[PDB]
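Next up is one chain by itself, shown in structure tokens, the form deposited in one PDB entry.
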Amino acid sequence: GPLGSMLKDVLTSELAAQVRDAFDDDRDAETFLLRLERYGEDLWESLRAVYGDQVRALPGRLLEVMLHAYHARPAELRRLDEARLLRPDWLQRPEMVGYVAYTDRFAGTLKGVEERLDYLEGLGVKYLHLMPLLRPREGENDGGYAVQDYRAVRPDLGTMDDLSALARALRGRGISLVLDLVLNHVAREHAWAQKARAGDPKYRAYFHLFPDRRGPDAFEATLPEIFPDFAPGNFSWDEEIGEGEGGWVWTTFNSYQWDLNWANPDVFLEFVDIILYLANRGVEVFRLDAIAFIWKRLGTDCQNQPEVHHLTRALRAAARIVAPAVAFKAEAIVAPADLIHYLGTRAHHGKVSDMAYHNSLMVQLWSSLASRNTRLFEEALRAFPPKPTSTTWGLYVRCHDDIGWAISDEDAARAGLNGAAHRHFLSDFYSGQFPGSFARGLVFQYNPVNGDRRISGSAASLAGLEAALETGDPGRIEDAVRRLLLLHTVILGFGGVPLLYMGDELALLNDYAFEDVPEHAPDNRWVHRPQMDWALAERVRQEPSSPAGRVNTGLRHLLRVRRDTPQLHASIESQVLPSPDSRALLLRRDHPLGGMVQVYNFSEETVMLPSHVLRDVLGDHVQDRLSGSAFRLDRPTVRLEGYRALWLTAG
């Protein structure tokens, strides 16, 4: 009513006054204010939902950080901001293609990356995700995920000026730089944590600290264990915490990764500042690492609490008021219905993030390759609510992490499977324990208490090439190559930005030499984080008939077809077309110029697919975009040899 109204009035005019006072140039003030009007309600309501009445003390400090970032934003990045506002579906274009790499493994240093831009460009890459490259702690550092200083580049990669000069050279090729925002935890060596241990109460309040086992024991009753092999539980003992003998600190991941206290608005402020600082160095997309973990609540698994989406929305709104070019990409492993909350709900609240990993597509790809059965695939896809049309999936076959078999009991039961049995089969199969498995993966984080296993291994070793090369059997080598190409066809055709993992285009195998690096030995994820093989890159260019060569040639052809296929616009979602044959997966994409049906054989066997399931959708005459040829769907069957993919449209 009036009392509440009047207070809100005073606040608005205080916000307006601080913005106008900050700009000598009135167009800038007007621009800032329009952005604040567009995103203000998402920013403040989200902040009040997490921080309650405290928020009222927040605007001056937060607007201070944003106003300065705005003044500090280079003219060329202001122009990028306008360009992105003019093309809001930029991530959704079929020409978009991503590439994911550790700087040091790909090209040694940031400047070395600049020397490989013709390689990325020759692949049609337009989105480059470099793995965490901020200064990490010395020694073991979870491959850069234990960050010591967010304002410096790891010194052996270069400097913040190299990062900025790299991003400028990327833009000159139409490539977007994409980096991790490691916002859930910092290295125990970060100055925040050093000061908490020295006793500074401002910085003790950045962490979740406990004098004894009571708090920790009470949380642990409902918490899972993420890295049982590295650091049991979710709390670590540290001698230097407090005045006396130490204390317990929350450490979800490694002991040297201290979870940040997101109930403290100072932490929110620090990360606004980090985001805007990195955006002004040229970062265009932020992958929100471990985003699900940022809110703790007693009695829950401390993942996916509602505050996570409020904080994410506020962080984004603050960022884009300053730098509208910036997009956010959530990585959260959660049930489909919940995953959609990381993107947006197309309701009275604003968008939460621009992209999210489609982890369930990745899991089903490997699951169906192992089982030769696509019914679980169909049911896992069918469980998703639709995303907002303006958001975009990131699709992948592999990445820097092990694979967890995130398959729901509910989807599995709809496909006539027991979930637990199927999940157990997938780890037996991909660790190579199941007889006749083609896969060569390593068990990661076996958990004795519950029997949970994840799998490490590169795409080529999981898909059969490492085993096929050992045998020297030409039929095994052929099938491994075809599986690798089928995997990459699905992520290229599914709708979303396909995120090629460095070297998958060369079919790189497990790197068992990680055991010989003490910093890596305990963590077998490093098996699928190889050095780039540039000699191999040159050999496949000159000799395309080898198995690496055929994966390379094949992937490059698929990339060219993807970019010329308008039906792949990511505003449209693939829908399951129920298959009459359990070896095949049929996906339909409706599009203004005519539908597409993508057809995939997940078996080494020749499937004679009954034609009517396709004819009913596309009519009697179709073209396959992938081979260029025709099919007549008036014949009774369509012949799909092992691992065949088709992208059919009418004609």
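C-alpha atoms forming the largest set that superposes within 1.5 Å between two forms make up the rigid core. Numbers follow the displayed sequence, beginning with 1.
Asks: Test of understanding: from the entry's C-alpha B-factors, which stretch has the higher mean, 244-252 or 305-313?
Replies: Stretch with the higher mean C-alpha B-factor: 244-252.
Asks: If you average the CA temperature factors over each stretch, which comes out higher, 403-411 or 460-468?
Replies: Averaging CA B-factors over each stretch, the winner is 403-411.
Asks: Based on the PDB record, which member of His422, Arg346, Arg476, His557 exhibits the highest Cα temperature factor?
Replies: Spelled out: the listed residue with the top C-alpha B-factor is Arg346.
Asks: Highest CA temperature factor in the entry: which of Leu85, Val540, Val551, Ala332?
Replies: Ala332 has the highest C-alpha B-factor of those listed.
Asks: Select lowest, middle or highest to describe the third in which the CA B-factor of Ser582 falls within its chain in this entry.
Replies: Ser582: CA B-factor falls in the lowest third of its chain.
Asks: Could you tell me which third, lowest, middle or highest, the C-alpha B-factor of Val599 occupies within its chain?
Replies: Its C-alpha B-factor, which the entry lists for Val599, ranks in the lowest third among residues of this chain.
Asks: Ranking every modelled residue in this chain by its Cα temperature factor as given in the entry, which third contains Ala169?
Replies: Ranked within chain, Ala169 CA B lands in the middle tercile.
Asks: Is the Cα B-factor recorded for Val182 in the lowest, middle or highest third of its chain?
Replies: For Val182, whose C-alpha B-factor we compare with every modelled residue in the chain, the answer is the lowest third.
Asks: State the tercile, meaning the lowest, middle or highest third, of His358 with respect to the CA B-factors recorded for its chain.
Replies: Tercile = lowest for this residue's CA B-factor.
A second form of this protein, the form deposited in another entry, is not displayed here; the remarks below concern that form.
Asks: Where among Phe328, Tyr99, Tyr102, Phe219 does the Cα move by 2 Å or more between the shown form and the other one after the core is superposed?
Replies: So the residue whose C-alpha moves 2 Å or more is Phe219.
Asks: Once you line up the core, how about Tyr203: does its CA shift reach 2 Å between the shown form and the other one?
Replies: Superposed on the core, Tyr203 moves its C-alpha 2 Å or more between the shown form and the other one.
Asks: Rigid core aligned, does the Cα position of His348 differ by 2 Å or more between the shown form and the other one?
Replies: Where the cores coincide, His348 still shows a C-alpha shift between the shown form and the other one that is 2 Å or more.
Asks: Look at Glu115 and decide if its Cα position differs by 2 Å or more between the shown form and the other one after superposing on the rigid core.
Replies: No, shifts by less than 2 Å.
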